[PDB]
Amino acid sequence: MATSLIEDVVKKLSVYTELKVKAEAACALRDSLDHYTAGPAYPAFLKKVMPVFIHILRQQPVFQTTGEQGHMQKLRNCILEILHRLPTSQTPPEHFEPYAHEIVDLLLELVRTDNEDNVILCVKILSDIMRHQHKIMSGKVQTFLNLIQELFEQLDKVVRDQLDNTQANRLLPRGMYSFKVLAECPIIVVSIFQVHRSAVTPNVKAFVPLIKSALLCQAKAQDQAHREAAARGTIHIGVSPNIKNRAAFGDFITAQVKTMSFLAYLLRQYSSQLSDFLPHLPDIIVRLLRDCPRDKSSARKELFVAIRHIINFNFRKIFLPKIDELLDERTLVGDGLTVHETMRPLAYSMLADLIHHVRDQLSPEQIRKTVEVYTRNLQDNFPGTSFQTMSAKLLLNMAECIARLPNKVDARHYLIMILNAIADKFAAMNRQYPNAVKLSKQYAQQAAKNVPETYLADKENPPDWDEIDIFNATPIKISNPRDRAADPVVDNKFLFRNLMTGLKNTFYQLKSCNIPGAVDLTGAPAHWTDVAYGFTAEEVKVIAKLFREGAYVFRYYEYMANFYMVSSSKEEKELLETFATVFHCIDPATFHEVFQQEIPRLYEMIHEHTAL
Amino acid sequence: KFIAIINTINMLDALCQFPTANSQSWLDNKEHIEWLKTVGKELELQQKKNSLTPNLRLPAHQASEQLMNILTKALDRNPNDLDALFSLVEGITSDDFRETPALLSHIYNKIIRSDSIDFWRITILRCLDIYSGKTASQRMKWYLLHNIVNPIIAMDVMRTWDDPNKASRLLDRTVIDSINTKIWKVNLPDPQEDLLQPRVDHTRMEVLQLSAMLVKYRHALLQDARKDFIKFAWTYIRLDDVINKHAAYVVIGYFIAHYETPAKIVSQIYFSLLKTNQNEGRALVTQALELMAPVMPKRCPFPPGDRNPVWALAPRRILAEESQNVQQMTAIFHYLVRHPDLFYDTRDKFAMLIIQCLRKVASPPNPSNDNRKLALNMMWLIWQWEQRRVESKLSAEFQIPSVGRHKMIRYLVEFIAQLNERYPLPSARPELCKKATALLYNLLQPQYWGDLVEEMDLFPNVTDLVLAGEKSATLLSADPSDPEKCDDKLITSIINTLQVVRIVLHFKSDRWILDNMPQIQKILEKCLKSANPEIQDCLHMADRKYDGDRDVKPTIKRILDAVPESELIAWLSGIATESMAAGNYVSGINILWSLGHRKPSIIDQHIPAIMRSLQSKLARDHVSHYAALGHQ
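Structure determination for this entry is recorded as cryo-EM, at 2.6 Å resolution.

Right, dumping it as structure tokens:
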């Protein structure tokens, strides 16, 4: 404990080498506070360190960060860190309560006057003090509210200075003119609102114009780039090359998305006040999605969560005109590798939810584009199956709304296209059977071994690869299958079950699209009156391919009396019955001409899977 | 015109479905292929817009597939003509045609499976030439690297896994020099400005994958290019893309594990890896750390007699600095759990941290499975350290204070009590729990912390709230048939708590049990009267099969043996009498079994009740059921 005493006396008698030693000792004390944070000596250290910190902090701000300037900057930083790191909880034996006014006032003045690296820490410390020392402090929150309102007011002017009116040796701007500090405001404001509830009613009204103005802000270069792209008929995505400071633009976009998240949070209860601002919201959302730099994946994820939150509050009806724009992949995702590799399922799931909740008022073009996009999504080669299942279930749900279009030609075409997509997926699944079996066996053996896995060439593991594997044989792994704990056979069976269950509903919806008077039905059996009619030669091919590919996927479930449950299982038998039932719903002539052609291939297939 | 195009495509496709006629020679002509490509592009453009009559949509959709198949069939003849292949790939990656599995199915089975080291080097060199040029867009370069170059090298690696240190006759000096000069030696004048193009990150990832594969599988061939490889990998560290940055870290880790590097770079990379906070690319960070860790003692030697390595002090510093963010702590603990031997020496600066942070990692209210697993793994790491210490001593060592041991024991007891999975028992109606119980048993051994059990009570708060609580008492005393009073979680908690008290009492002394009898009676009276077979199974049964290779005596037998050769015997006899009177045979028969095994002289006054039960209910139902089965 002699080190602390000697450091304290040295600091007291103070009022490069000396400054270096003082800073080193102070930051070592900050590190070792863990051994001193708990105990009844907190008042002594607090009172013996407050005067020196107050005296030192009163000095003029320092912009330079070299030599003595950098040393004193680090000294101040690692001295201020104690207050945030200190356990300032509201516990009964708290000793910091009676001495908060002077310190919080000085910190507020510093925030008003200090630089970014200092003001950010100062506001964090102010928030942590606010969360705890509100018991006697509660008489001065008005100053903080006014300060944050002034920051929001001056956000526009600082943006104008940065863009319109515009490391060691760099001059540090004042904290009032930074975007990083601005982006931190919303969370602190939310925490302050949560803490106290007696000074909230007027502040919402005060902020509403400010948040509206903040969201309406825009940059001239990006605006003109968008306008010229629209004039050319295309869409501009990314950051305009004319921008001179890309980091500033990225921070500005981050602040904008943080403000959007704050608006979404406020919308939970005070939607009545934002009813005037609602109409322009989708345009701002689309512009933010288009303007987000491809490097900032976290900001895009936050924007996606904010969009989901706004959607779930039954404010979805205002998104209809922009659904067509939201369906483009350039606007939704962009060109970044991280986004395309990690966040595609989330974006497409939220878009699917929005579309499903509004399906009853979709124009034909929107239906066509959605069918195109999600048929493309179903055929994706994502490692898992949840993405494909989501796409398939959306298509199945949209079948009913497709069947209600005024034009029956388009409805029949779209339903046939969905059936074609399902047949293609069946063929793709058939292509992967041996690889799935091999991978299941290998994973079972690896799990049995129970040995830690090394990413090193090992002679005990010969590299067996085939058509499917050889294209994914590189060493770097983005996501290990071990964490997922997935077996390809099980996932394929799950997807197969879902698609087979949906087939019947799709066929039923198709049954009620017959073009009146297209084909004469003067005399038909009572068993053949409600079936689908009017297939051309190109649709019989789709039906035959559907049967051919579907029948061959039952290998995944691997004499015939089977009086007791043997060979096949109950699930397989019910799936087979469901598959067979689907073909009762078409023209008898089509049935004849399909199965006449298909019987020999079915005969061949039975020799490899006797349950057929 | 589009009807004519569709009909022509249909006829030409039909003409090539029976290749066993040597009639495919019309596919050798080039002008026909150019005309086909032109008409195909026209039709594809018409389909892209909705500018076709509604009568020709499906026919055109099928015509596109037929045309792609025709082009692939033409490509199949003369597989060595790479100009045709590159033109087709340019068309496909430029959004002019629609892809079909045939192109990849031909690339495989013609190029990748080629049975000649010739035509592999030429293909790789041509692909690298295209990549080096500034004309082949970005998707074409990615396609080539992903689908031709890397698979060829993988096939070469697979085909030469032989004992006699077989070399790679494919990877000659020319190939290595070309790769180095075209990728590694290329010091970009402004690579940060190269990002202005789209889709460049994917090809950057492809080149990173190629470099990583080379280092992993043919490390012996990079002796003259070690320096250039290090410079290239260090340069790629600056990319703004998270995935690219972590892939570069993985490449650096591979080189470090396979080559000698100055300790400064290794320490810098270690500090950068341990300081990462972004949740994205956690697996890449894990892979890099696993690659780097095993070679730390060799890469960063420390003076003999020193037990504070820099590579060991770095995690301590990061934990101290970033103790506020929970993700940092979780990541460092995940790293630490995997390497017990490495930190065996420096445990003196981590045991207390782990013990105090165990509560932080997992919270009583509702933690996730991963948090519970991590906490259990931390406790297992401490157990491994202690076991290693004791084994080394047997064949001034740092020891935890009694406060830490006490706190860890309380946390473990609460964790076991509040766990989700249920203890396996024979009476159960038709891993974490087993591991936790085994750890608890192992810790309390005499040579181990077992010396702390003398002053350890029965954890009054948890034991009371989970056994003597009114809700617990009424649920346990309720009818097992009713699902309303069959809350699975509560019964699981009771079973786990009973196992805990059994284990602790197994290690207690006779004097302590004798003195504290009334507390034990208060804690066990409610459960001893239960009609649930599983509670009685916990109380009376002790089987090696379900105890995980442990010899722990039943709690009832333990307390009965504690009695000198009393009040406990009379009290148990009273419970047995009151249970048998009401017809609750599950409790009475089990208690009487225990009592008789203790001292037979107590069953003389109970013989009539046992006989009455046998002739009334049990045997009657047994024989009646078997008679019914025979009749059926």
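Here we come to the overall build of chain B. What chain B contains, in helices and strands, is 31 helices and 0 strands. Scaling as 2.2 N^0.38, a compact globule of 632 residues should have a C-alpha radius of gyration of about 26 Å, whereas chain B reaches 37 Å, well beyond that. By its C-alpha atoms, chain B is 110 × 80 × 50 Å across when sized along the principal axes. About 32400 Å² of surface is accessible on chain B, with carbon and sulfur atoms providing 53% of the total. Computed over 77 positive and 73 negative side-chain charges, the inter-centroid distance for chain B is 2 Å.

Looking now at the overall build of chain A. In terms of regular secondary structure, chain A is built from 28 helices and 0 strands. What you see for chain A is a C-alpha radius of gyration of 33 Å, clearly larger than the 25 Å of a compact globule of 612 residues, by over 25%. Each of the three principal axes of chain A carries a C-alpha extent, and together these read 110 × 65 × 50 Å. Here chain A holds 612 residues, and 45% of them are scored as buried. On chain A, roughly 32600 Å² of surface is accessible, and the fraction owed to carbon and sulfur atoms is 56%. Taking the average place of the 71 positive charges on the side chains of chain A and the average place of its 70 negative ones, the gap between the two points comes to 4 Å.

All names here are of chain A. Along the polypeptide, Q388 turns up in helix α21 (residues 386-402). Looking at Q388, the relative accessible area reads 2%, which means it is buried. Look past the residues within four positions of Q388 in its chain and what remains in contact with it is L378, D380, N381, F382, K425 and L495.

For any two helices packed against each other, one specifies the crossing angle of their axes together with the interaxial distance. All names here are of chain B. For the pair helix α25 (residues 488-506) and helix α28 (residues 555-562), the least separation of the axes is 9 Å and the interaxial angle reads 35°. In this structure, the crossing between α25 and α28 has a hand that is left-handed. Residues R502, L505 and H506 of α25 form the contact with α28, whose participating residues are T555, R558 and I559. Grouping the constituent residues of the contact of α25 with α28 by class yields 2 nonpolar, 2 polar and 2 charged.

A few words now on the environment of B:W142. Residues and elements named next belong to chain B. Checked against the element boundaries, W142 lands in helix α7 (residues 139-158). Of the residues examined, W142 reaches a relative accessible area of 30% and is grouped as partly exposed. Sequence separation between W142 and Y131 is 11 residues, and the spatial gap between their C-alpha atoms is 8.8 Å.

Across the contact, 43 residues belong to chain A and 56 residues belong to chain B. For the chain A face of the interface with chain B, the top three residues by lost area are A:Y455, A:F471 and A:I476, together amounting to 17%. There are 2 salt bridges connecting chain A and chain B. The closest approach of N and O atoms between B:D201 and A:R294, which form a salt bridge, is 2.5 Å. Counting across the chain A and chain B interface gives 11 residue pairs in polar contact. Those elements that place two or more of their residues in the side of chain A that touches chain B are α18 (337-342), α22 (408-431) and α26 (537-551) of chain A. With 7 residues, α22(A) is the single largest residue contributor to the side of chain A that touches chain B. Split by residue class, the side of chain A that touches chain B holds 16 nonpolar, 9 polar and 18 charged.

Glancing now at the packing of aromatic side chains. If you walk through the whole model with that rule in mind, you get 30 aromatic pairs over all chains. With a centroid separation of 5.0 Å and an interplanar angle of 70°, the aromatic rings of A:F547 and A:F595 are classed as edge-to-face. For A:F547, a relative accessible area of 8% corresponds to the buried category. Owing to a relative accessible area of 22%, A:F595 belongs among the partly exposed residues under this scheme. When the ring of B:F255 is compared with that of B:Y259, the centres are 4.6 Å apart and the planes differ by 15°; the resulting orientation is stacked. For the pair B:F255 and B:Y259, one class covers both residues: buried. Ring pairs connect the aromatic residues A:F426, A:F496, A:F547, A:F554, A:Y557, A:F579, A:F583, A:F591 and A:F595, which therefore count as one cluster. A cation over an aromatic ring shows up here: A:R555 above the ring of A:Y433, its NZ or CZ 4.6 Å from the ring centre.

Let us now look at the state of the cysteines. All names here are of chain A. Scanning the entire structure with this criterion turns up 1 disulfide over all chains. Here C27 is linked by a disulfide to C78, with a sulfur-sulfur distance of 2.0 Å. Its S-S torsion of about -90° marks the bond between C27 and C78 as left-handed, since a negative value means left-handed. Placement of the pair is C27 in helix α2 (residues 17-32) and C78 in helix α4 (residues 68-85), with a sequence separation of 51 residues. Taking the relative accessible area as the measure of exposure, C27 reaches 5% and is therefore buried. In this structure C401 is a free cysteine whose sulfur lies 12 Å from that of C513, the closest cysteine sulfur available.

This next bit is on the environment of B:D201. By the element assignment, B:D201 lies in helix α10 (residues 200-217). In sequence terms B:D201 and B:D241 are 40 residues apart; their C-alpha atoms lie 7.7 Å from each other. Those residues in contact with B:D201 that sit more than four places away from it in its chain are A:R294, A:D335, A:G336, A:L337, B:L195, B:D241 and B:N244. Of note is the side chain of B:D201, whose polar atom sits 2.5 Å from the side chain of A:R294.

Definitions and limits used
- Throughout, residue numbers begin from 1 within each chain and advance along the sequence as written. They need not agree with those in the entry, and any residue without coordinates is left out.
- The order in which chains are written sets their letters, starting at A; the order in which ligands are written sets their numbers, starting at 1.
- Each value listed here was derived from the chains shown, which are themselves a piece of a larger assembly.
- Hydrogens and waters are ignored; side-chain quantities use all the structure's heavy atoms.
- The helix and strand labels rest on DSSP assignments: H or I over at least four residues marks a helix, E over at least two residues marks a strand, and numbering proceeds from the N terminus.
- Between the two quantities, the radius of gyration covers C-alpha atoms and the globule rule is 2.2 Å times the number of residues to the power 0.38.
- Every accessible area reported is derived by Shrake-Rupley at a probe size of 1.4 Å, with residue values counting cover from the shown protein chains alone.
- Charge assignment: positive for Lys and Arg, negative for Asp and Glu; neither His nor the chain ends contribute.
- We put the charge of a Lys on NZ, of an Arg on CZ, of an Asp on CG and of a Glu on CD.
- Only protein chains enter the calculation, and the probe is 1.4 Å; a residue is then buried if its accessible area is under 20% of its type maximum, exposed if over 50%, and partly exposed in between.
- We call two residues in contact whenever any of their non-hydrogen atoms come within 4.5 Å of each other.
- Every angle, taken between N-to-C directions, lies between 0 and 180 degrees, and every axis is a line fitted to C-alpha atoms, over only the stretch in contact when it is a helix.
- What makes a crossing left-handed is the near helix being turned counterclockwise from the far one by less than a right angle; a clockwise turn instead makes it right-handed.
- Throughout, the ten residues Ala, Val, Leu, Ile, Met, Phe, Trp, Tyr, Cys and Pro are labelled nonpolar, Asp, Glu, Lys and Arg are labelled charged, and all others, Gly among them, are labelled polar.
- Two parts placed together each lose some accessible area under a 1.4 Å probe, and the buried area is that loss summed for both.
- For salt bridges, the criterion is a side-chain nitrogen of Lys or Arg within 4 Å of an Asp or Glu carboxyl oxygen.
- Under this definition, polar contacts are N or O atom pairs within 3.5 Å; protein pairs additionally need one hydrogen-donor-capable and one acceptor-capable atom, and for neighbouring residues in sequence, both atoms have to be side-chain atoms.
- Aromatic rings from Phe, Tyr and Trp, with only the six-membered ring used for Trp, were paired whenever their centres fell within 6.5 Å, and each pair was classed as stacked if the ring planes differed by under 30 degrees, edge-to-face if by over 60, and tilted otherwise.
- Think of it as a cone above the ring: NZ of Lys or CZ of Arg counts as a charge over the ring if it is within 6 Å of the ring centre and within 35 degrees of the ring normal.
- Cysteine sulfur pairs qualify as disulfides if the two atoms are within 2.5 Å.

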